[PDB]
Number of protein chains: 4
Amino acid sequence: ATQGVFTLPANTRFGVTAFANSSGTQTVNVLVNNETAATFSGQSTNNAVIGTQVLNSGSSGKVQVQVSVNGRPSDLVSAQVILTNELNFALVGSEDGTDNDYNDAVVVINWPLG
Amino acid sequence: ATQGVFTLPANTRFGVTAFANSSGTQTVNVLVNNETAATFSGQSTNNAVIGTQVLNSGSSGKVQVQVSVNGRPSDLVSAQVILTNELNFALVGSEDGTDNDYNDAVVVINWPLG
Amino acid sequence: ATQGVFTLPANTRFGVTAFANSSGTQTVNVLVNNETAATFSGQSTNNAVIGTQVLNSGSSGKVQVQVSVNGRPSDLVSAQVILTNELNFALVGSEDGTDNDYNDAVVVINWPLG
Amino acid sequence: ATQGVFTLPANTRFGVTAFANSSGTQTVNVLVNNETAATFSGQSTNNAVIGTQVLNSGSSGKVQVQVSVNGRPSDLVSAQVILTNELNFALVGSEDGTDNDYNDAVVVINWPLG
Ligand SMILES: C[C@@H]1O[C@H](NC(=O)c2ccc(-c3cccc(CN)c3)o2)[C@@H](O)[C@H](O)[C@@H]1O
Ligand SMILES: C[C@@H]1O[C@H](NC(=O)c2ccc3[nH]ccc3c2)[C@@H](O)[C@H](O)[C@@H]1O
Ligand SMILES: C[C@@H]1O[C@H](NC(=O)c2ccc3[nH]ccc3c2)[C@@H](O)[C@H](O)[C@@H]1O
Ligand SMILES: C[C@@H]1O[C@H](NC(=O)c2ccc3[nH]ccc3c2)[C@@H](O)[C@H](O)[C@@H]1O
Ligand SMILES: [Ca+2]
Ligand SMILES: [Ca+2]
Ligand SMILES: [Ca+2]
Ligand SMILES: [Ca+2]
Ligand SMILES: [Ca+2]
Ligand SMILES: [Ca+2]
Ligand SMILES: [Ca+2]
Ligand SMILES: [Ca+2]
């Protein structure tokens, strides 16, 4: 199944935050309407926040997270969870290796903001 | 029901990261084994990361998030989600007012690290 | 925070299914647009499926679950999770006593159908 | 990433329930310790329950859901959600075709029971 693709309400502000947990340099690209809107890179085995940003879902509401290491796309796992019918998290894990910890880059999208 | 309380595997590193979305300064306490292990304070209406840290679950595995604003405990909402039977997210939202956006302080706990 | 309330897409079929795990007789009411649309009852300590039904979310998409035992409202916990940006589960747990297993009545709402 | 695999505590009673939403006849196998512990089949486009059972996680704690149609394994999606640090849901969706609704067989695993 496709992973790392989320439909937000249109014209909604959201946060996106990436964490790194690998010997490999993570490249995290965040697309909105199929266009890169944020990019983060870094290497950490201590959960560094390699980037955080605030974006708007725009007219399409389409948000995609891609994770690659040195040009190689990592395997993605994702889901969306909603608490009290209001608070939204879109979650991504990624595996760049063989150990299957799926934490090599971890991306969390949150909304609403404000 | 109790919210903001999570049982992690014992003696395991985990990340904890807080965001603010409120006109009021947020005070986030992270307890491990019923004792303060980290404290974050900050103010934003645009999802600023007011703190991030790496902690150890220690012998109890017991992690509790509390959020207070001007000394009043905020109402919490929480859950844990596990992806590919491996990647763990413990999620917290908080409400300090009347609008019920539950994003006033948003707390994400992630494990494993590394 | 409010629990057991979910906004579904409007005018969409969904499944609602209740399970019992208590010595108490569970009564589960499912409201659509603030009116009772389904009522399930039963007693089991072995996860009986006391009811399952297909409903339509109607014009508001508002679905609410309430649980009671002998007229006493149970305390509810809930969340929604979405898999591969398509497959939706709205989940309810309920507590009628003092052990805090929150499984006394368990309700699962699923969509899409078909 | 692997999907439909869950680690339960050892020797834990759990509910598993399956629904069908396809023209294809679903076969759902639930493995415990890599051995078939329950098999369900049915066909519905209206979310009919095609199986429900109570099983034991046994010494391994290893639970796997497999879905096939006409001898062909369906593509799975899965996640685990924990409410109030106590109530567990292990959720499975499956796709047997080309529409990507991932509801062809929907499987819910819940614990604790009792
Ligand atoms: C921007 C909005 O900020 C709201 N919070 C408050 O308004 C708040 C936090 C503390 C206080 C506060 C303290 C002391 C005296 C007073 C009364 N003047 C008030 O107000 C959020 O709930 C909302 O979702 C929005 O993000
Ligand atoms: C420290 C360990 O790092 C592993 N990743 C690596 O070892 C790794 C992955 C991709 C790479 N591309 C270039 C060098 C390189 C190295 C991770 O997959 C593993 O989970 C763990 O975090
Ligand atoms: C077997 C146990 O049953 C408990 N519930 C009860 O024993 C219970 C709760 C409410 C009641 N109202 C009238 C009779 C009655 C009995 C549950 O709360 C507990 O989790 C466990 O399932
Ligand atoms: C009614 C529709 O049925 C679809 N499935 C099928 O039409 C389907 C899938 C696999 C099959 N193998 C043999 C016959 C056969 C038929 C489903 O994939 C689709 O989502 C929808 O529920
Ligand atoms: Ca890895
Ligand atoms: Ca790693
Ligand atoms: Ca608020
Ligand atoms: Ca707010
Ligand atoms: Ca109980
Ligand atoms: Ca019970
Ligand atoms: Ca299908
Ligand atoms: Ca289908």
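All heavy atoms count here, side chains included; hydrogens, waters and symmetry mates do not. Letters A, B, ... mirror the listed sequences (proteins, then strands); counts begin at 1.
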Determine whether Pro112(D) and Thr12(D) make a side-chain contact, defined as any pair of heavy atoms from C-beta on separated by less than 4.5 Å.
no
Taken to the nearest 0.5 Å, the spacing of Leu76(C) CG from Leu83(D) CG works out to 11.0 Å
Going by distance alone, is a donor N or O of one side chain under 3.5 Å from an acceptor N or O of the other, for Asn29(A) and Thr39(A)?
yes
Side chain to side chain, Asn88(D) and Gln80(D), heavy atoms closer than 4.5 Å:
yes
Please find the pair of heavy atoms, one from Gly114(A) and one from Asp101(B), that lie closest to each other, and give the distance.
O-OD2, 3.1 Å
Output for pair (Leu87(D) CG, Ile82(D) CD1), nearest 0.5 Å, gives 9.5 Å
Check the pair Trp111(D), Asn103(C) against side chain to side chain contact (heavy atoms under 4.5 Å, CB included), reporting the backbone distance first and the verdict last.
CA-CA 8 Å; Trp111(D) 77 98; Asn103(C) 73 354; over 6 Å; no
Can you see which heavy atom on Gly42(A) is nearest to which on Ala20(A), and at what distance?
O-CB, 4.2 Å
Can you see which heavy atom on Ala37(B) is nearest to which on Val32(B), and at what distance?
CB-CG2, 3.9 Å
Would you say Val92(A) and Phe6(A) make side-chain contact, with heavy atoms under 4.5 Å?
yes
Main-chain N/O of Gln26(A) paired to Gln43(A) side chain as donor or acceptor, under 3.5 Å:
no
Run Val67(D) and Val65(D) through side chain to side chain contact (heavy atoms under 4.5 Å, CB included) and show every step you take.
CA-CA 7 Å; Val67(D) 182; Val65(D) 173; 4.3 Å; yes
Between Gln64(A) and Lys62(A), is there a donor-acceptor pair closer than 3.5 Å when you use the side chain of the first and the backbone of the second?
no
Would you sort out whether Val30(B) and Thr36(B) count as a side chain to side chain contact (heavy atoms under 4.5 Å, CB included), showing the intermediate values?
CA-CA 6 Å; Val30(B) 186; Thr36(B) 291; over 6 Å; no
Partner of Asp96(C) under side chain to side chain donor-acceptor pair (under 3.5 Å), picked from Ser23(C), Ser22(C), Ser74(C), is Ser22(C)
Using a 3.5 Å distance criterion without hydrogens, assess whether the side chain of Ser57(D) forms a donor-acceptor pair with backbone atoms of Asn11(D).
yes
Euclidean distance, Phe14(D) CZ relative to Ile109(D) CD1, rounded to 0.5 Å
5.5 Å
Any residue meeting side chain to side chain contact (heavy atoms under 4.5 Å, CB included) with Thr84(A), in chain and number order, not counting sequence neighbours:
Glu86(A), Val77(B), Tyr102(B), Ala1(C), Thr2(C), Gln3(C)
Taking atom CZ of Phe19(B) and atom CZ of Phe40(B), what is their separation to the nearest 0.5 Å?
10.5 Å
Check the pair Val63(C) / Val5(C) against side chain to side chain contact (heavy atoms under 4.5 Å, CB included), numbers first and verdict last.
CA-CA 6 Å; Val63(C) 179; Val5(C) 172; over 6 Å; no
Which value, rounded to the nearest 0.5 Å, describes the distance between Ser60(B) atom OG and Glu35(B) atom CD?
9.5 Å
Do we see a donor-acceptor contact under 3.5 Å between the side chains of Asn21(A) and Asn47(A)?
yes
Atom CG of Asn110(D) and atom CG of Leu91(D): how far apart are they, to the nearest 0.5 Å?
9.5 Å
Can a donor-acceptor pair be found between the side chains of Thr7(B) and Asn85(D) at a distance below 3.5 Å?
yes
Find out whether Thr52(A) and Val16(A) are in side-chain contact, i.e. whether some heavy atom of one side chain is under 4.5 Å from a heavy atom of the other.
no
Ignoring hydrogens and angles, tell me if any N or O in the side chain of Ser94(A) forms a donor-acceptor pair with the backbone of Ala105(A) under 3.5 Å.
yes
4.5 Å side-chain heavy-atom contact, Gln66(D) and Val28(D)
no
I'd like to know if the side chain of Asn56(A) and the backbone of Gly58(A) have a donor-acceptor N/O pair within less than 3.5 Å.
yes
For residues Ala18(B) and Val107(B), report the shortest heavy-atom separation together with the two atoms involved.
CB-CG2, 4.1 Å
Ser78(A) side chain to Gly4(A) main-chain N or O, any donor-acceptor pair under 3.5 Å?
yes
